[PDB]
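Residue numbers (PDB author numbering), protein chains in the order written: chain D, 39 to 70; chain d, 176 to 350; chain a, 283 to 376; chain Z, 163 to 289.
Next comes the structure, spelled out in structure tokens:
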């Protein structure tokens, strides 16, 4: 189950990066 | 220093350590000189002659006592210290003239004989043409070179604009 | 003729060029200052004339080419500084 | 320029495109960039006209040359000692004001951090 956990962690990291980029964009437009 | 627990105190150890310190001075590796000096106990630095001579020479070199630097040749702690001394001396002259150009606006030809520590007046001529010193008719070397000021004539507008733009960034780019 | 950095004409220069005595040079400048031909001031203590402006004159084609070269250097400077400002303040530029 | 209602309509039409979030300082720096670009464009137009004149594509106007001589005469000498000293003194006079403003801003920011930390501690204490 080690590989499944490692791949899930990788996907979670990439999803977190996507979420942070979207949050920054939303702040940029929410100011406007 | 490593096996000194079992090894006895070598009689020639302090002399050779002072030789190493003097060699470090000869190669202008003063930063390494102080680090290696710190390895010695603080007592023999001010007590042992073999260590006292190089550190005092370093103090004279840093503070500018070049006459004492030249005199250090006479009172060397050991004969082995001789060689490195010459290696330092070649620097000192080229350092001393470096002061003369920037401190003295004009000095007499013979006046530098004690300043540059030159024995033969002929030894002045070759060193001067190596240095490119314009000898004057009155036996005066004119060192008029301070005209190359920090050049406040020019405003560093590019650097100032960069700094102000960085201020604007730190005021606006934060968000 | 003189470039803008060296428009300080000595009284001797004007006296020799205009075939007039030195003591008259000032008066000559007065006329040129009064009519409006040139602009500037007179430092009689140092016997110099600080000229800052000339009546524009008809220029030859070669002089126009030199003027265009000056404009080339000016354009290079303007473009370089514009790119510098754009690069340094890229993040805050709207 | 626009009338009040005309400006209202224009802003309604430019609601999405216009970005007003940029601060005043950024707007002035962008104005400086646009001024540099416009000056470069004008100088390039003058240079192109001079290039055409030199090769004979256009005759010498004798009036544009008169204006250009004045333009080149108006170019100030920024290498003068008096101008350099005055510029340095003025820059320092403005920089001390900038320093005072930044110091006050830093103190006010520290006060804001104080208030935020106190509010957080009170909220977590009551809960």
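For each residue, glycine too, the CB sits at the ideal point set by N, CA and C.
Could you compute how far the alpha carbon of residue i sits from the alpha carbon of residue j?
{"i": "residue 305 (chain d)", "j": "residue 264 (chain d)", "result": "17 Å"}
{"i": "residue 202 (chain Z)", "j": "residue 366 (chain a)", "result": "14 Å"}
{"i": "residue 270 (chain d)", "j": "residue 287 (chain a)", "result": "40 Å"}
{"i": "residue 221 (chain d)", "j": "residue 251 (chain d)", "result": "16 Å"}
{"i": "residue 69 (chain D)", "j": "residue 222 (chain Z)", "result": "56 Å"}
{"i": "residue 342 (chain d)", "j": "residue 178 (chain Z)", "result": "30 Å"}
{"i": "residue 39 (chain D)", "j": "residue 55 (chain D)", "result": "25 Å"}
{"i": "residue 228 (chain Z)", "j": "residue 280 (chain d)", "result": "50 Å"}
{"i": "residue 349 (chain a)", "j": "residue 284 (chain a)", "result": "15 Å"}
{"i": "residue 317 (chain a)", "j": "residue 338 (chain a)", "result": "14 Å"}
{"i": "residue 326 (chain d)", "j": "residue 184 (chain d)", "result": "58 Å"}
{"i": "residue 188 (chain Z)", "j": "residue 232 (chain Z)", "result": "34 Å"}
{"i": "residue 182 (chain Z)", "j": "residue 176 (chain Z)", "result": "11 Å"}
{"i": "residue 192 (chain d)", "j": "residue 204 (chain d)", "result": "15 Å"}
{"i": "residue 226 (chain d)", "j": "residue 308 (chain d)", "result": "38 Å"}
{"i": "residue 336 (chain a)", "j": "residue 248 (chain Z)", "result": "26 Å"}
{"i": "residue 210 (chain d)", "j": "residue 265 (chain Z)", "result": "41 Å"}
{"i": "residue 296 (chain d)", "j": "residue 249 (chain d)", "result": "22 Å"}
{"i": "residue 246 (chain Z)", "j": "residue 240 (chain Z)", "result": "7 Å"}
{"i": "residue 372 (chain a)", "j": "residue 362 (chain a)", "result": "15 Å"}
{"i": "residue 195 (chain Z)", "j": "residue 321 (chain d)", "result": "40 Å"}
{"i": "residue 287 (chain Z)", "j": "residue 279 (chain Z)", "result": "12 Å"}
{"i": "residue 351 (chain a)", "j": "residue 322 (chain a)", "result": "27 Å"}
{"i": "residue 319 (chain a)", "j": "residue 311 (chain a)", "result": "10 Å"}
{"i": "residue 164 (chain Z)", "j": "residue 173 (chain Z)", "result": "11 Å"}
{"i": "residue 63 (chain D)", "j": "residue 224 (chain Z)", "result": "57 Å"}
{"i": "residue 341 (chain a)", "j": "residue 226 (chain Z)", "result": "11 Å"}
{"i": "residue 61 (chain D)", "j": "residue 51 (chain D)", "result": "15 Å"}
{"i": "residue 266 (chain d)", "j": "residue 236 (chain d)", "result": "11 Å"}
{"i": "residue 48 (chain D)", "j": "residue 177 (chain d)", "result": "50 Å"}
{"i": "residue 219 (chain Z)", "j": "residue 349 (chain d)", "result": "53 Å"}
{"i": "residue 182 (chain d)", "j": "residue 206 (chain d)", "result": "29 Å"}
{"i": "residue 190 (chain d)", "j": "residue 268 (chain d)", "result": "27 Å"}
Among the options, which has the Cα closest to the Cα of residue i?
{"i": "residue 253 (chain Z)", "options": "d:258, d:330, d:214", "result": "d:330"}
{"i": "residue 238 (chain d)", "options": "d:274, d:256, d:257, d:207", "result": "d:274"}
{"i": "residue 276 (chain d)", "options": "d:219, d:323, d:203", "result": "d:323"}
{"i": "residue 334 (chain d)", "options": "a:370, a:341, a:375", "result": "a:370"}
{"i": "residue 205 (chain Z)", "options": "a:336, a:360, a:320, a:376", "result": "a:360"}
{"i": "residue 261 (chain Z)", "options": "d:320, d:207, d:292, d:346", "result": "d:346"}
{"i": "residue 353 (chain a)", "options": "Z:219, Z:210, Z:263, Z:225", "result": "Z:210"}
{"i": "residue 254 (chain d)", "options": "d:177, d:187, d:272", "result": "d:187"}
{"i": "residue 240 (chain d)", "options": "d:290, d:182, d:219", "result": "d:290"}
{"i": "residue 355 (chain a)", "options": "Z:180, Z:208, Z:250", "result": "Z:208"}
Does the Cβ of residue i lie closer than 8 Å to at least one heavy atom of the ligand FAD?
{"i": "residue 165 (chain Z)", "result": "Judged by which ligands are present, the structure shown has none, so any question about the ligand FAD falls away."}
By the criterion of Cβ-Cβ separation under 7 Å, what are the contact partners of residue i in chain B?
{"i": "residue 363 (chain a)", "result": "Among the chains of the structure shown, chain B does not appear; the protein chains present are D, d, a and Z."}
Can you give me the start and stop residues for the beta strand (DSSP E) that residue i sits inside?
{"i": "residue 333 (chain a)", "result": "330 to 336"}
{"i": "residue 292 (chain a)", "result": "290 to 292"}
{"i": "residue 281 (chain d)", "result": "281 to 283"}
{"i": "residue 324 (chain a)", "result": "320 to 325"}
{"i": "residue 44 (chain D)", "result": "First-last for residue 44 (chain D): 40 to 69, but that is the alpha helix (DSSP H), not the beta strand (DSSP E)."}
{"i": "residue 185 (chain d)", "result": "Unbroken run through residue 185 (chain d): none, as it is neither H nor E."}
{"i": "residue 255 (chain d)", "result": "Careful: residue 255 (chain d) lies outside any beta strand (DSSP E) and carries neither H nor E."}
{"i": "residue 316 (chain d)", "result": "315 to 317"}
Output the boundary residues of the alpha helix (DSSP H) element that contains residue i.
{"i": "residue 190 (chain d)", "result": "188 to 201"}
{"i": "residue 240 (chain d)", "result": "That residue, residue 240 (chain d), is in no alpha helix (DSSP H); it is neither H nor E in DSSP."}
{"i": "residue 211 (chain Z)", "result": "186 to 216"}
{"i": "residue 228 (chain Z)", "result": "226 to 236"}
{"i": "residue 275 (chain Z)", "result": "243 to 288"}
{"i": "residue 344 (chain a)", "result": "343 to 370"}
{"i": "residue 312 (chain a)", "result": "304 to 317"}
{"i": "residue 302 (chain d)", "result": "297 to 306"}
Within its chain, find whatever has a CB closer than 8 Å to the CB of residue i; leave out the 5 residues flanking it on each side and keep chain order.
{"i": "residue 259 (chain d)", "result": "194, 197, 198, 200, 201"}
{"i": "residue 192 (chain Z)", "result": "184"}
{"i": "residue 179 (chain d)", "result": "none"}
Can you list, in chain order, the residues of its chain with a C-beta nearer than 6 Å to that of residue i? Leave out the 5 residues immediately preceding and following it.
{"i": "residue 381 (chain a)", "result": "In the structure displayed, chain a extends from 283 to 376; residue 381 (chain a) sits before or after that span and is not available."}
{"i": "residue 389 (chain a)", "result": "Absent from the structure is residue 389 (chain a), since the part of chain a shown begins at 283 and ends at 376."}
Apart from the five residues just before and just after residue i, which ones in its own chain have a Cβ nearer than 7 Å to its Cβ?
{"i": "residue 314 (chain a)", "result": "320"}
{"i": "residue 243 (chain Z)", "result": "none"}
Could you tell me whether the stretch 237 to 247 of chain d touches the stretch 206 to 219 of chain d, using the rule of 3 or more Cβ pairs below 8 Å? In short, these stretches do not touch, since the Cβ pair count stays below three.
At a cut of 8 Å, does the stretch 278 to 291 of chain d reach the stretch 307 to 321 of chain d through at least three beta carbon pairs? Yes, since at least three Cβ pairs between the stretch 278 to 291 of chain d and the stretch 307 to 321 of chain d fall closer than 8 Å, the two stretches touch.
Within 8 Å, do at least three Cβ pairs link the stretch 343 to 357 of chain a to the stretch 295 to 307 of chain a? The way I'd put it, the stretch 295 to 307 of chain a doesn't touch the stretch 343 to 357 of chain a; fewer than three beta-carbon pairs between them come closer than 8 Å.
Report yes or no: do the stretch 196 to 203 of chain d and the stretch 223 to 233 of chain d share at least 3 C-beta pairs separated by less than 8 Å? A contact exists between the stretch 196 to 203 of chain d and the stretch 223 to 233 of chain d.
How about the stretch 284 to 299 of chain a and the stretch 316 to 334 of chain a: do they share at least three Cβ pairs that are nearer than 8 Å? They touch, by the three-pair rule.
Sufficient close CB pairs (3 or more, under 8 Å) joining the stretch 189 to 205 of chain Z to the stretch 163 to 174 of chain Z: Segments in contact, no.
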